[PDB]
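Colleague: let me give you the complex in parts, starting here:
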Amino acid sequence: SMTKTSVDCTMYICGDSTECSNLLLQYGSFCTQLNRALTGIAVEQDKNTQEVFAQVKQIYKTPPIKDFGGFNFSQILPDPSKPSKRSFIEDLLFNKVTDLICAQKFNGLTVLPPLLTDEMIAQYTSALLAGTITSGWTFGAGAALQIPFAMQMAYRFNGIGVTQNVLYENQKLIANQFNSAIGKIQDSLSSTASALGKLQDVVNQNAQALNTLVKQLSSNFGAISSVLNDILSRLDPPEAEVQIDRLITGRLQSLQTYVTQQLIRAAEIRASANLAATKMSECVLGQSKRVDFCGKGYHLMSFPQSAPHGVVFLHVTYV
Amino acid sequence: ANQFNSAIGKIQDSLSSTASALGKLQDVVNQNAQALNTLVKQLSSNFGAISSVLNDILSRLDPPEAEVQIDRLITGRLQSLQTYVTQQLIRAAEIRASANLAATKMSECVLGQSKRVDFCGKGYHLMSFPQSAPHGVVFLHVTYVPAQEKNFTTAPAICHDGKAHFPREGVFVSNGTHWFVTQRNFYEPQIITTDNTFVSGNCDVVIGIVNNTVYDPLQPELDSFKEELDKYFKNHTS
């Protein structure tokens, strides 16, 4: 997901000016081109959430009794005691990924709230995590079919070319290997904060672009002054039309550059959204034989995790 | 035969009653029609000049004076035409990305059989039927969707002579009395045999193993042969 932004041409170009409203009208539909461009981006961001986070319309939950077969899944499971539903691994994902918003809303930059809130994202993830442990790959191709967890590990070894007999003697060995690999995730996100920098650039490119668009209001753009009331209260009405025209045409290209930059950046986010939708389906729901798709090594299962303006995939591989 | 023919008949009723299923191809025409219509409306705007009519300026002001008003009309129409070309290049990138996706769906879903999930559509994929559409293509996918389910009692392994037995294909199920062998995708009760299992490990390793007998297809053949030899004892001794 990318930050949604809507811009109005009337006030941002020239505010609190009655004479400028007639000069801006001479440009016709120029506002309509920019308004519909940012509107289509705001709708496209909400579309990327429905095709990635929630694959199915059915919600699955964890039974009160828990037998995991020796593994510890409590790290990826949500905590019902907390007021907000989140997992233990999602604690670092939300905290390490970061007022500026209200300061930019004064100049005409409106940040639209997303259709999908943060509380409902973890509810989609908890449905896929509770289902994968119980039903495995069955609920993706049809109705949910409960299967013992010992039998689910047997088929995932069969697809990679390993006879299911290897699992039985290794039940105690794999139990220590799986639980130790999950514990390394908590130490990796706490000590190393650069692993989440992929989602930090999305916020940085959006914050720098908004701050860049604001700083153009202070520039004179070759005119006498950037203040509208300073020109109207000094020069003559026929003379002020020359200075105001220099301020308008300078702010038309600056606003057009931002909208063009958002259309190019939204194409990269849309390309990554379709990729995350394919990773979610093949790696999590089912089992993919593709190399370097679900990660290095022979793939077994994947655990999705909620992240701000993105998603985190925890892959389990056979090395 | 009744399920496949009935599913095709629902397509005719779905496209006739619901016209919004094809709205994906309607937006391609709408975005192209609105972009051309908006590009034309820029010619009527003065762009800060006296009038948008070229013959009105040339027949009124002076040749040295008309160059100022015409320059305002040109520079205004240069950015409007540049905006459309830039918008088409961005929109063509989305269509090109969808063209490569349609090329991948055409190869794996139609020509061959893909095991990918949520690629050829929900469920276990079988075949796909391409269909011609204006400014696009329609894919009719055939999938395998299970319907009825029933709860069974399973076991990880069977212990008979002291050596564990593991399923070669499928899992072990039970109706409450005798243990049956069946596949996970279909219910096909089968008696436990030697050809459907293999001997590995022992009974003291696998947890949850249960005790039962393993029917050997070689046993009755030698048993019936032993009973065939039974009639020969009273013969020679007679």
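Modeller: Great, that's in hand. Numbers count the residues shown, from 1 in each chain, chains lettered A, B, ... in the order given.

Colleague: please, which helix or strand holds residue 172?
Modeller: Picked chain A for this. For residue A:172, the enclosing helix or strand under DSSP states H and E is helix A:171-191.

Colleague: you answered for a different chain; I wanted chain B.
Modeller: Assigned by DSSP H and E, residue B:172 falls within strand B:171-174.

Colleague: chain B versus the residue located most distally from the centre of chain A, what's the distance?
Modeller: Relative to the centre of chain A, the most outlying C-alpha is that of residue A:236, 51.1 Å out, by Cα atoms, centre = their mean. In this view, residue A:236 and chain B are 18 Å apart by Cβ to the nearest Cβ, to the nearest Å. C-beta: built from backbone N, CA, C; applies to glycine.

Colleague: what of residue A:217?
Modeller: In this view, residue A:217 and chain B are 20 Å apart by Cβ to the nearest Cβ.

Colleague: over to residue A:315: give its phi and psi.
Modeller: In terms of degrees, to the nearest 10, the main-chain angles of residue A:315 are phi -100, psi 140.

Colleague: pick out the residue of the stretch 1-150 of chain A closest to chain B.
Modeller: At 3.9 Å from chain B, residue A:28 is the closest residue in the stretch 1-150 of chain A, using Cβ to the nearest Cβ.

Colleague: for that residue, what are phi and psi?
Modeller: Backbone torsions of residue A:28, given as degrees, to the nearest 10, read phi 70, psi -130.

Colleague: quick one, phi psi at the nearest residue to it once chain neighbours are set aside?
Modeller: Distances taken as Cβ to Cβ, 6 or more residues apart in numbering or on different chains place residue B:45 nearest to residue A:28, at 3.9 Å, with adjacent residues excluded. Torsion angles at residue B:45 (phi, psi; degrees, to the nearest 10) stand at phi -80, psi 150.

Colleague: kindly incorporate the sequence below as chain C:
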Amino acid sequence: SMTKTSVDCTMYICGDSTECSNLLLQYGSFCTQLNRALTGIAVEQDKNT
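Modeller: Adding chain C to what we have so far:
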């Protein structure tokens, strides 16, 4: 990947002259956005390799 290119904002107008820089600073951060755009391209082309 493609050829890595970097274009200077000041020299593109005129070099060794302060008249181009005086009117260029009045246009704001345009130099910054055009430099970061070409810089980001050269970085992504190395990531593709």
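
Colleague: just the CA trace of the helix holding residue A:172, in PDB.
Modeller: The C-alpha coordinates for helix A:171-191 follow below in PDB (Å, rounded to 0.1, in the frame of the first residue of the first chain):
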ATOM      1  CA  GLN A 171      10.200 -35.200  15.000                       C
ATOM      2  CA  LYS A 172      12.300 -34.400  18.000                       C
ATOM      3  CA  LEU A 173      15.200 -33.000  15.900                       C
ATOM      4  CA  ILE A 174      13.000 -30.800  13.700                       C
ATOM      5  CA  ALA A 175      11.100 -29.500  16.700                       C
ATOM      6  CA  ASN A 176      14.400 -27.900  18.000                       C
ATOM      7  CA  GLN A 177      15.300 -26.600  14.600                       C
ATOM      8  CA  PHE A 178      12.000 -25.000  13.800                       C
ATOM      9  CA  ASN A 179      11.600 -23.300  17.200                       C
ATOM     10  CA  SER A 180      15.200 -22.000  17.100                       C
ATOM     11  CA  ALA A 181      14.800 -20.400  13.700                       C
ATOM     12  CA  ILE A 182      11.700 -18.400  14.800                       C
ATOM     13  CA  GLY A 183      13.700 -17.100  17.800                       C
ATOM     14  CA  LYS A 184      16.400 -15.700  15.500                       C
ATOM     15  CA  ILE A 185      13.700 -13.500  13.800                       C
ATOM     16  CA  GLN A 186      13.100 -11.500  17.000                       C
ATOM     17  CA  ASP A 187      16.900 -10.900  17.400                       C
ATOM     18  CA  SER A 188      17.300 -10.000  13.700                       C
ATOM     19  CA  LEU A 189      14.600  -7.300  13.600                       C
ATOM     20  CA  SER A 190      15.600  -5.800  16.900                       C
ATOM     21  CA  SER A 191      19.400  -5.500  16.300                       C
END
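
Colleague: add chain D to what we have:
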Amino acid sequence: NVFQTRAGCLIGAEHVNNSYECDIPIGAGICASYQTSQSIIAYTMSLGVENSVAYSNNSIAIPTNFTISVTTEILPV
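Modeller: Time to bring in chain D:
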């Protein structure tokens, strides 16, 4: 009917504590729908029907029946 929500002032709608499948987008976890003497109602988005799947060590389910379904897919070219 003067109401307020996370999105802002919303007039012409009625808040409903029930959660149903909704279409018209609003944002901030809100929808708007025309239902029952009928008007527009607004309520928090619903996740669908809740189904608790049983889980046990010896419990397993296998399909006893199957249905062949034919879907459709439309993409621009």
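
Colleague: can you mark which positions in the helix holding residue A:172 are buried?
Modeller: A:171, A:174, A:178, A:182, A:185, A:189 (16 or more other Cβ atoms under 10 Å in any protein chain shown).

Colleague: stretch A:73-87 now?
Modeller: Neighbour-count burial for stretch A:73-87, counted by 16+ other Cβ under 10 Å, picks out A:73, A:75-78, A:85-87.

Colleague: which other residues reach that stretch?
Modeller: Outside stretch A:73-87, the residues within contact range by Cβ atoms under 8 Å, 6 or more residues apart in numbering or on different chains are A:62, A:88-89, A:94, A:118-119, A:122-123, A:125-126, A:129-130, A:133, A:182-183, A:185-186, A:303, A:305-306, A:314.

Colleague: quick one: list the elements packing against the helix holding residue A:172.
Modeller: On a contact count with 3 or more Cβ pairs under 8 Å, 6 or more residues apart in numbering or on different chains; DSSP states H and E, helix A:171-191 meets helix A:90-95, strand A:310-318.

Colleague: whichever of the contacts of stretch A:73-87 end up buried, select them in PyMOL.
Modeller: Only the buried entries of the contacts of stretch A:73-87 go into this PyMOL selection, using 16+ other Cβ under 10 Å:
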select buried, chain A and resi 62+89+122+123+125+126+129+130+133+182+185+303+305+306+314
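
Colleague: possible to save the buried residues of stretch A:73-87 as JSON lines with distance to residue B:74?
Modeller: Below are those laid out as JSON lines (distance: Cβ to Cβ, whole Å):
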{"residue": "A:73", "distance to residue B:74": "68"}
{"residue": "A:75", "distance to residue B:74": "65"}
{"residue": "A:76", "distance to residue B:74": "62"}
{"residue": "A:77", "distance to residue B:74": "66"}
{"residue": "A:78", "distance to residue B:74": "62"}
{"residue": "A:85", "distance to residue B:74": "60"}
{"residue": "A:86", "distance to residue B:74": "58"}
{"residue": "A:87", "distance to residue B:74": "61"}
